[PDB]
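Letters A, B, ... are given to chains in the order of the sequence lines, protein chains preceding strands, and every chain is numbered from 1. Scope of the values below: all heavy atoms of this structure, side chains included, with no hydrogens, waters or symmetry mates. Counting starts at 1 for both ligands and their atoms, in listed order.
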Amino acid sequence: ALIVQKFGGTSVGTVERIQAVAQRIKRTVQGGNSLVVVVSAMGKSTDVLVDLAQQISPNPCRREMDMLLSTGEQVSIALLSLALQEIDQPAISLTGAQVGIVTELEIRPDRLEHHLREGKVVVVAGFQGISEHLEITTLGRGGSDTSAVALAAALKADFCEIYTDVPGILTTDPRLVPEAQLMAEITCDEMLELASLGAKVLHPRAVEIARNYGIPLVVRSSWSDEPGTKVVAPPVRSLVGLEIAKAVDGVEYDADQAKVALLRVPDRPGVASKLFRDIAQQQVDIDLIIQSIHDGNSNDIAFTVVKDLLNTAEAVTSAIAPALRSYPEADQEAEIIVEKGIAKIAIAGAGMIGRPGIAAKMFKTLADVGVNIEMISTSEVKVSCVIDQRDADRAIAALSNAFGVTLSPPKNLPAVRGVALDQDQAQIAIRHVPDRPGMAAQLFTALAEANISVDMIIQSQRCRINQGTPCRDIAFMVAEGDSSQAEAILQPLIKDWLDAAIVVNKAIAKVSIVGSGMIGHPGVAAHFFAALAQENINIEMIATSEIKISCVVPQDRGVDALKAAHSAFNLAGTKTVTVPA
Amino acid sequence: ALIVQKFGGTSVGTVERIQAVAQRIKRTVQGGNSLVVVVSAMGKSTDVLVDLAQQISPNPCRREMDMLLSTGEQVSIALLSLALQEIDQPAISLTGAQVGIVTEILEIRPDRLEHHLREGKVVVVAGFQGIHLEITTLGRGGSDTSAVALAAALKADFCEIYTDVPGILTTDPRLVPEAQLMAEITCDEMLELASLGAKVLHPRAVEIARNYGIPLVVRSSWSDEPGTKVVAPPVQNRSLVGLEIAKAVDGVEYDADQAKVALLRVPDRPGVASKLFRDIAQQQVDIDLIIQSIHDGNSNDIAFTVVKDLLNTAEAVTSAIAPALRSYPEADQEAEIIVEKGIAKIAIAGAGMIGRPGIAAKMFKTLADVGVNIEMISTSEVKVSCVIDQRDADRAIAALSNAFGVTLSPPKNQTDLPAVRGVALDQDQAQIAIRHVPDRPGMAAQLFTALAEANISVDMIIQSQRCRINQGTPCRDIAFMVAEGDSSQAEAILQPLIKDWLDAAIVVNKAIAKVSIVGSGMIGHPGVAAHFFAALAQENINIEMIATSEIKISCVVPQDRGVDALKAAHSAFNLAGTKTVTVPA
Ligand SMILES: N[C@@H](CCCC[NH3+])C(=O)O
Ligand SMILES: N[C@@H](CCCC[NH3+])C(=O)O
Ligand SMILES: N[C@@H](CCCC[NH3+])C(=O)O
Ligand SMILES: N[C@@H](CCCC[NH3+])C(=O)O
Ligand SMILES: C[C@@H](O)[C@H](N)C(=O)O
Ligand SMILES: C[C@@H](O)[C@H](N)C(=O)O
Ligand SMILES: C[C@@H](O)[C@H](N)C(=O)O
Ligand SMILES: C[C@@H](O)[C@H](N)C(=O)O
C-alpha cells in the first residue's frame, strides 16, 4: 500500500517524460496504493544554475547558493503535480517546513502529508533549514535518494522505489564483462560493499538508512515495467533524529578470533589457492584473510578463525606447508605461527567511502588509549583491526565515544552476488613501521590533513628483521592522481625510522567478490584464489571483510582477473538451448 | 534614508546587468541609505515557465502556478545578493514567511525580520507565505504591488520602480514623436492614463501608493536620470495594518451638488459640441459630467452637469447658444433645452476594474436589487459614474458600500496644476449600442451581467437621455465598447435578451477610435473640455460619443481619424514642451 517513489533528473528532463511518470503514478495508485513522491530538479537545470552563480563570485555564500539550487525541485514537483491533475489524479506539492526540518546536519520529517494522504498523491521537495535561516533547501547531491528513504522510514512505508534510467544493479561492469546479469536481489550490506556497481544510480548513505530502518528498496527503470533490483534489509521501530553526514555508522567487536599465519611462503600463483583449498576440505570456515606486500621473492598469509577451531586450523596448515615449499627441504619456508589472544575490532559506515581522515581517526583513537594495532584490513565500508584481546575493552569504549555510535552485533543466500574491478588506484607501501601505538595514526593523519582519501590499508605480520626493534610494513592504496603527493607527504615522516622506506607501484588492479552468503561458508575464498591461479595470475595483496574479498593484482591483468571471478562464481548465469532430433 | 527599490525582468535579464544594478544599489547605500530590494524573475524566464506549464494543462491549477512562478523570483534574489556580496555590499535574501503572509479576498501582510537585518545589510526579498504554501508570488503585477506594500509597512521615505524606460511620456511616441518625458504625474492621473504605463507599472500599485502616501518614481536602469515622479497626497499616521490586494473596487463616491442641463436633438456634425462648451466657458462656468451617447438619426443629445447654484446660469447660457445650432433660429424640433435639479452622482472607483469583467455589471445589479433606476452612465478608466434620483442616494450608497466592502470616500479639497497632463488613443475597440432599453431598474444589470458571465470585459459604457418616441413605455439607448475580438460574441449574447423589447436593436460599429485627455487640473477649471472639442472640430473631426470623469475626457471618433485626433489633442494642450510653428525649411 504505502509506497515512497523517487524520480531522478533524467526521468523528468522533458515535459513528455513528466507526463509518463505521472501516468505510472496514477496506475500505481489505482493498484490500491498510497504514494509519496520525491522528485529531482529537471536535468542540466541544476548545472545551469551553478554555472550562472559562478560568473558572479568564485566562492558563493552557501545559503544564497542553497536557495538558488532549491528552485529546481520546486518547479519539478509543481510540473509533476499539474501533470497528475490533468489526468485526474488528485495530487499536491509540499515544500520546506511542511515536510521536515534539517538542522546544522540533522533531518526530521513530520506529517501534514499524513493528512493530505486522504485522496491525494503527495509530491514533495525541500525541507526547512536552520543555522541565518532558510525556508527551503535540499540535502545536496545524493539528497533525493536519502530524502526518499528517510521519508519512507518516518511514514512506516511498506517499501521504497528508486526510479532511474537503468533496469537495476548488474553483477559487474558490462563494459568489461558483457555477460553481466541483472540482479534480482542484493543485500544492503552487499550494495554498500559494491558501491561502485551503483555509482550513478543510487547513494550509499540511503541504502544504509534503509538497512537501519528495515525499509525494503527497489531500483527500477522508468522506461520499463520490469521488476528491477530489490535491495533487501534485515526485518527491523519508530526513530526520529537522523544524522545524514555521519562518516561512521557503527563500531564492531568480535572476541571469538584466533590467528594462523603462514610465513615466508613462495610468492607465485597457486600458493594461496592450495592453502585455503585444503583448509576448506576440513570444512573450516574463515573470517579475516590478510596478505600485505611481498618481502623479496615471498610473502606471508594470515587468516583468523573462531577460537575453538584454532587447533584444527593450525594442524591442517602445518600439514599443507611442506607442499608449499618451492623445494621439499626448504625448512625456512612456509613456517607457521599461531596467535590465540586476539580480538577483531572495526568501524563501519557508508559515510567513509571517498572521505578522508576516517581510518586515521580510528587509529588515533586507539593510539590515544594506548592500544597497539597488529593487523589491518579494509573493505569498502569497514576498516578492521586485529588487537591484543586484553586491549579490547578500552579500545571499543574509545571507538564508541569518538564516533558517537552504539555497537552492532559481533557477527550476523549465495556465496558471491557480484564482482568488481578498480584500476585507477596506486599501491603505496611504507616499509618497516615501528610496531608501537600511534605510528599508523601519524602516517594516515598526515595524508588526511592534505585531503587525500585512502581506499585500502593492509597490514599483516612483523617484518623478518635482521635487527632493530619489531616493526610491520603498511600498504595502502590511493588514486594515481594522489600518488606523488602521498609519497611526498610521508617521506619526511619516516626520515628517522631505521630502514623505513616508501615504495609506490602504479601498475595494480583490485578484484573484489562480494556476497552475504560467504559467512560461515568454507571454501569461498579458496574458489576465488583458485580462479586466479588457473589463469596464472599472481596475488600481490589480499584484504577482507565478512562479505567482501579483495585481491590486488597486476594491472595488465585486472580485466582477466575480473572475468575469471565472474565465471568462477557464474555471474553470467545460465541460458538454455533447443537440443534437436 | 529608507528606500524600497524594485527591478523588473529586463533590468535583470543577464548576469552582466545583474552586476550593474548591484553596483547602483551599493552606490545608493553609500549615499547614506537603507535599502529593501524587490526583484522580478530574470527575463522571458517567466514566460518560459508558462510555455512549460501550458504543455501539460491549458487549465493550470493556480496554487501550483504560484509556486512555479515563484521560483524565478527566488533565483533572482539569490543571484543579486551574491553579486552584492562580491562587491563587498552586505546583503541577504529573505523569502516567504520571513517577509509576509497572503491569505485567501486575497489579503497580504508584511512583518519585520528585515527591520532587524536592516542593520548593515540590504535586504533583498522574494515571496510571501500563502494561507498552505511556503513560498508564492502575488501574480503578474505582483512585483510592483509587493514593493509599494513593503514601503508602506516599513514607513519608507519613497519607492523607486526601475525598468527599461526613462519614465512616463505625455503620449504614445509611436503616434506623436514630440511626446515629452513627464517629470511629475499624480497617482490619480497615472490611473486615468493607465495605458501610458501599460508595460511599465501596475495600476493597483500606484493606487496603494496614493492611499498610503508613498512617493513613487519610475526610472530607468541604464541611466541615472531623475525619471518620472508619481505624486500622492501627503498621508500621515495611517499604519499599514494589512491590505486587500485583489479588490475590484477601491471606493464608493457620492456627490449631491449636481444639476443637469441637456441640449436635445442638436445636429450631428463637427463643431456643435465645440460651440456649446466654448460659449459656456466664456461665462466662466465649470463643468463636471459630459455625456453624449450614440446618435439618433442625423442628430444627437449633449448632457452635462453643473453645481446646483450654477444651474440657472448654465440653463440661460445654453438657451441662448441653442438657436445658433438650428436651421433658422426659430426652427422647431431642434436644439431644445431641458434641466433636471434633483439628481445625485454616484460612482465606484478602482484600479482593479481595468480589464476585468463583471464590475460594472455588479454595480448595476446592486442598484437594481435595491430598486434604484439608473438615469445616466459615464465611464473613465477607473470609474463608472451613474446619475440617479437624489431621493435614491441613501439606499444606493449603502448598497454599493456593502456589496463592494468599501466605505464612502470623503469629498476632496480644492486645487490651483495643469489642465491636461497627457493624452491617449485606443483604436482596438468596437462600439456596440443597444437601442431602446426599457428605462426601469435591472435592465442594464441584465445586459451587462450576460456579457460578464461570458468573460467579456467592457471598456466604456455611455447612457444619456430618454429616447424620443410618440407613445409607449420610456427607454434609453445604451452604448458600450469592447475589444473587436469580442464584438461578435457580445452581439450574439445580447440579441436573445432584447427579442421582446419594443423596437430594441443591436448595432455594432467597428470603425471607431477613442481619444482621451487626462489632467487633475481640469477640476474647477472652465473651458478644458471646450478646448479639446474645438481641437477636433478644427480638424473637421466628428465626435460620435463623449464620456467623462472629473479628470478624464474621452471622445469616440471615426477610426480612420484616431491618429489625427490624437495629434490634435497633444498640440491643443502644448504637451510637446512649448508652442510650435512649422515654417519653410
Ligand atoms: N577513505 C577513508 C577510509 C576508507 C577505507 C575503506 N575502503 C579514509 O581515507 O580515512
Ligand atoms: N568464510 C568464507 C569467506 C572468508 C573470506 C571472507 N571473510 C570462506 O571460508 O571462504
Ligand atoms: N471641468 C472642466 C472639464 C469637464 C470635463 C471632465 N469632467 C470644464 O468645465 O471644462
Ligand atoms: N472592464 C470593466 C469596466 C471598467 C470601466 C471601464 N473603463 C467591466 O467590464 O466590468
Ligand atoms: C602470496 C600468494 O598468495 C601468491 N601470490 C599466490 O598467488 O598464490
Ligand atoms: C599499525 C602498526 O604499524 C602500529 N603498531 C600502530 O599501532 O600504529
Ligand atoms: C453632437 C456633437 O458631438 C457633434 N457630432 C460634434 O462633433 O460637435
Ligand atoms: C436603461 C437602464 O439604465 C435602466 N434605467 C436601468 O436602471 O437598468
Side-chain angles (χ1 to χ4, degrees), chain A residues 262 264-276 289 291-295 297-301 324 529-530 532-533 535-542 551-554, chain B residues 192 194 248-249 263 265-277 290 292-296 298-302 325 335 347-364 377-385 426 448-449 451-452 455-462 480-483 486 514 516 533-534 536-537 539-547 549 552 554-558:
Chain A
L262 244 187
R264 203 162 186 198
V265 308
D267 178 26
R268 61 171 178 248
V271 179
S273 186
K274 177 160 209 67
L275 215 201
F276 296 100
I289 303 183
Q291 178 185 303
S292 181
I293 190 181
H294 68 97
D295 176 348
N297 266 276
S298 53
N299 211 340
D300 310 321
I301 302 184
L324 275 347
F529 309 149
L532 301 171
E535 276 287 304
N536 198 319
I537 289 174
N538 187 54
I539 303 176
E540 313 194 15
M541 304 198 296
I542 303 161
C551 292
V552 180
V553 109
Chain B
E192 288 291 12
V249 162
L263 244 187
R265 201 164 191 194
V266 91
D268 181 22
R269 59 169 180 249
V272 183
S274 185
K275 178 157 210 67
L276 215 203
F277 296 102
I290 306 181
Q292 180 187 300
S293 179
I294 191 177
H295 70 96
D296 176 351
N298 308 294
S299 53
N300 210 337
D301 309 322
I302 302 181
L325 272 14
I348 61 178
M353 78 170 58
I354 307 192
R356 176 166 171 182
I359 310 312
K362 180 181 177 200
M363 186 187 188
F364 308 157
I377 306 171
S378 183
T379 56
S380 63
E381 195 70 73
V382 290
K383 280 188 190 188
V384 27
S385 308
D426 185 341
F448 290 98
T449 291
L451 293 172
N455 233 325
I456 300 168
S457 165
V458 174
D459 178 58
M460 299 280 283
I461 312 176
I462 315 180
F480 67 94
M481 289 164 258
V482 293
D486 291 321
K514 186 181 64 178
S516 297
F533 307 151
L536 300 171
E539 275 287 306
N540 198 318
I541 288 173
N542 186 54
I543 304 173
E544 306 194 26
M545 302 201 295
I546 306 163
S549 72
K552 188 176 203 198
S554 294
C555 290
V556 179
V557 112

Nearest non-hydrogen protein atom, atom 4 (C) of ligand 5: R268(A) O, 3.2 Å
Flag the pair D459(B) and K514(B) as a salt bridge only when some basic side-chain nitrogen lies within less than 4.0 angstrom of an acidic carboxylate oxygen. yes
Is the side chain of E381(B) donor-acceptor paired with the backbone N or O of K552(B) at a distance under 3.5 Å, no angle test? no
Member of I359(B), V382(B), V384(B) meeting the side-chain contact (heavy atoms from CB on, under 4.5 Å) criterion with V249(B): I359(B)
Check whether any N or O atom of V272(B), backbone or side chain, sits under 3.5 Å from an N or O atom of ligand 7, and answer yes or no. yes
Residues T449(B), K362(B); criterion side-chain contact (heavy atoms from CB on, under 4.5 Å); working and verdict: CA-CA 7 Å; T449(B) 291; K362(B) 180 181 177 200; over 6 Å; no
Please work out, at 4.0 Å between heavy atoms, whether the side chain, the backbone, both, or neither of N299(A) comes within that distance of ligand 5. side chain
Ligand-residue contact atoms, ligand 5 with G270(A), heavy atoms, under 4.0 Å: 8 (O)
Side-chain donor or acceptor of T379(B) paired with backbone N/O of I461(B) under 3.5 Å: yes
Would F276(A) and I289(A) count as a side-chain contact (heavy atoms from CB on, under 4.5 Å) here? Give the steps. CA-CA 10 Å; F276(A) 296 100; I289(A) 303 183; 3.7 Å; yes
Heavy-atom closest contact (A273(B) atom, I546(B) atom, distance): CB-CD1, 4.4 Å
Specify the closest pair of heavy atoms between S292(A) and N299(A), including all atoms of both residues, with the distance to one decimal. O-ND2, 2.9 Å
If you measure from each non-hydrogen atom of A272(A) to ligand 5, which part falls under 4.0 Å: side chain, backbone, both or neither? both
I'd like the contact residues of ligand 4, where contact means a heavy atom below 4.0 Å. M353(B), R356(B), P357(B), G358(B), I359(B), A360(B), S380(B), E381(B), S457(B), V458(B), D459(B)
Does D267(A) reach ligand 5 with a nitrogen or oxygen that is under 3.5 Å from one of the ligand's nitrogen or oxygen atoms? yes
If I apply the N/O under 3.5 Å rule, does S274(B) come out as touching ligand 7? no
Determine, step by step, whether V482(B) and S457(B) satisfy the side-chain contact (heavy atoms from CB on, under 4.5 Å) criterion, reporting the C-alpha distance in whole Å, the side-chain angles of both residues, the deciding distance to 0.1 Å, and the verdict. CA-CA 7 Å; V482(B) 293; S457(B) 165; over 6 Å; no
Got a donor-acceptor contact below 3.5 angstrom from the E192(B) side chain to the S380(B) backbone? no
Among protein heavy atoms, which lies nearest atom 7 (O) of ligand 5, and at what distance? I539(A) N, 3.1 Å
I294(B) backbone acceptor or donor facing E544(B) side chain under 3.5 Å: no
Just need the protein heavy atom nearest to atom 5 (N) of ligand 7, so name the residue and atom and give the distance. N542(B) OD1, 2.6 Å
Option nearest atom 2 (C) of ligand 7 (shortest heavy-atom distance, choices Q292(B), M545(B), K275(B), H295(B)): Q292(B)
